[PDB]
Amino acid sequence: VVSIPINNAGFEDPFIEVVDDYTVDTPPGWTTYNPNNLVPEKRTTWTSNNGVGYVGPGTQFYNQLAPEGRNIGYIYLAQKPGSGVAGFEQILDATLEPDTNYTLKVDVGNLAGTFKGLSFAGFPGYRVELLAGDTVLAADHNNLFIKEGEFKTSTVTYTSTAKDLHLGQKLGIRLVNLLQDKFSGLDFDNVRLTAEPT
């Protein structure tokens, strides 16, 4: 079993000093997955946005600390349910190899609580994708039940054969807010990808 390198895999960059403070800019190492043009180039707290947030001691929005380190990565979509999807994408240096079992794990979080008169009750749905090139090899579309204020680990698996059409193509990861309901923000952390010969 080999670990595949991912940049900023736990969204620990940038460092954030104040509990529950957050950025509204794409996390370093990641790009914004934006197929429905829901996230603008220039963001504020009020627009659809994504960024990192410090889930530290006494957090108002979770029953636990971050799955890993200080920070999580979050996506918030302001448009009404059904408007489309958005999230994070990262293309990796590793390529798809034959006769290899891939296992992608990501913790997914459901915010709880209240932020100045606003309820974070509800959850938009998530999808975790493993890519080769532009092809989604495997994905977990919203199978886990995630309680308010908790994180749960999503596992995505793909097994390549000797003749896979996508061999030699770059691996990628997408972490997607499905905007299927409100509150329509969610969190991700602790992205891990392993490869093991079959």
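Residue indices: 1-based, along the sequence shown. The term rigid core refers to the most C-alpha atoms you can superpose between the two forms while keeping them within 1.5 Å.
S.K.: Please indicate which stretch deviates more in 4 other deposited structures of this protein: 110-118 or 70-78, judged by C-alpha RMS distance after a core superposition?
M.R.: Looking at 110-118 versus 70-78 in 4 other deposited structures of this protein, the farther one turns out to be 110-118.
S.K.: Would you determine, from the values in the PDB entry, which of 183-191 and 17-25 has the greater average C-alpha temperature factor?
M.R.: Result of the comparison: 17-25.
S.K.: Look up the CA B-factors in the entry and say which stretch, 90-98 or 109-117, has the higher mean.
M.R.: The stretch with the larger mean CA B-factor is 109-117.
S.K.: Out of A66, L167, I173, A139, which residue has the highest Cα temperature factor in the PDB record?
M.R.: Reading the PDB entry, the winner on C-alpha B-factor is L167.
S.K.: Among the candidates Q60, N34, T157, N50, give the one with the maximum CA B-factor reported in the record.
M.R.: Result of the comparison over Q60, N34, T157, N50: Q60.
S.K.: Among the modelled residues of its chain, does the C-alpha B-factor of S3 lie in the lowest, middle or highest third?
M.R.: According to the entry, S3 has a C-alpha B-factor in the chain's highest third.
S.K.: Select lowest, middle or highest to describe the third in which the CA B-factor of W46 falls within its chain in this entry.
M.R.: Top third by C-alpha B-factor.
S.K.: Consider only the C-alpha atoms of the modelled residues in this chain, order them by B-factor as the entry records it, and name the third containing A162: lowest, middle or highest.
M.R.: CA B-factor rank for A162: highest third.
S.K.: Taking the values exactly as deposited, rank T103 by C-alpha B-factor within its chain and report the matching third: lowest, middle or highest.
M.R.: For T103, whose C-alpha B-factor we compare with every modelled residue in the chain, the answer is the middle third.
S.K.: Considering only modelled residues of the same chain, in which third does the CA B-factor of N71 rank: lowest, middle or highest?
M.R.: CA B-factor rank for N71: lowest third.
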